[PDB]
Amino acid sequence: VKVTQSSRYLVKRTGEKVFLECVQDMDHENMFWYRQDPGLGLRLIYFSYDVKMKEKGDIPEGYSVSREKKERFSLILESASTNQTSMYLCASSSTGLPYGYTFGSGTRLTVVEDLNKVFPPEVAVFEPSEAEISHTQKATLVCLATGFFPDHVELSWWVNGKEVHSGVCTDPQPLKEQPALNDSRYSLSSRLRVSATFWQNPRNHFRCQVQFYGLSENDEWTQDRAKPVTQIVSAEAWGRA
């Protein structure tokens, strides 16, 4: 009972044409494409009540749509533009059944104006202050992830193999490294906190992980820096006496 959308993040270029897949394994009759934008909520672009059939939503302009198969429902942007940058959300419903819409996870698109200036993040970890242990019996690590564009990171903390829920806080939204630059690089902070003892142990491994979601294999460049693909950049850490 599930609805995937082929890509979860995408970087595309002002002008470049863009395909977004959407696919369901429920033999469902109606599928929809919305975009979600901050302030505007969900806005329906296009829909389909059966195979081959398209119909326009409230905002179909410079969007086009395909339904060759019952499983599928592709969105097409023709010339991609900067305000077609957004979060694209696929949904499917059955006509018989009483069970309503089933959403996908999303695909986040970023359109960028005459150039790819996409760099992974560098990721420094930092270790807790002497004073904090003593004063508060607690111990806060800080992870900064820095120097990335566009805003496509997913920052996780890891302790001794398994990931960690608790004592964590990542910035809801990042901040611009230079509020001058139009397409300015970005940066994000997170904190993991723990008890003094837990930190005072070199049997405790502390890794801060960030996943960039950047360029793909069939993307075109070769300038003098690495291919900024969808890698994981970690920093790691080790407790102290």
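Under this definition, the rigid core comprises the largest set of C-alpha atoms superposing within 1.5 Å between the forms. Numbering starts at 1 and follows the sequence shown.
J.: Kindly name the stretch, out of 71 to 79 and 116 to 124, whose CA atoms are displaced more from this form in 5 other deposited structures of this protein after the core superposition?
T.: Between 71 to 79 and 116 to 124, greater C-alpha deviation in 5 other deposited structures of this protein belongs to 116 to 124.
J.: Please compare 16 to 24 with 224 to 232 and name the stretch with the higher mean C-alpha B-factor in the deposited structure.
T.: It is 224 to 232 that shows the higher mean C-alpha B-factor.
J.: Where do the C-alpha atoms have the higher mean temperature factor in this entry, in 174 to 182 or in 31 to 39?
T.: According to the PDB entry, the answer is 174 to 182.
J.: Can you pull the Cα B-factors for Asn204, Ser48, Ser190, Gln211 from the entry and say which is highest?
T.: When the deposited C-alpha B-factors of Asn204, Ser48, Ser190, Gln211 are compared, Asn204 is largest.
J.: Go through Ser134, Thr146, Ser74, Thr140 one by one and give the residue whose Cα B-factor in the PDB entry is largest.
T.: Of the candidates given, the C-alpha B-factor peaks at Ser134.
J.: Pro121's Cα B-factor: lowest, middle or highest third of the chain?
T.: As the PDB entry reports it, the C-alpha B-factor of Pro121 lands in the middle third of its chain.
J.: Taking the C-alpha B-factors as the PDB entry records them, is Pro128 in the lowest, middle or highest third of its chain?
T.: For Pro128, the deposited C-alpha B-factor lands in the middle third.
J.: Place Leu215 in the lowest, middle or highest third of its chain's C-alpha B-factors, as listed in the PDB entry.
T.: Highest third of the chain for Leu215's C-alpha B-factor.
J.: Splitting the chain's C-alpha B-factors into thirds, which one does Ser86 fall into?
T.: Tercile = lowest for this residue's CA B-factor.
J.: Going by the recorded CA B-factors, say which third of the chain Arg240 sits in, lowest, middle or highest.
T.: As the PDB entry reports it, the C-alpha B-factor of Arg240 lands in the highest third of its chain.
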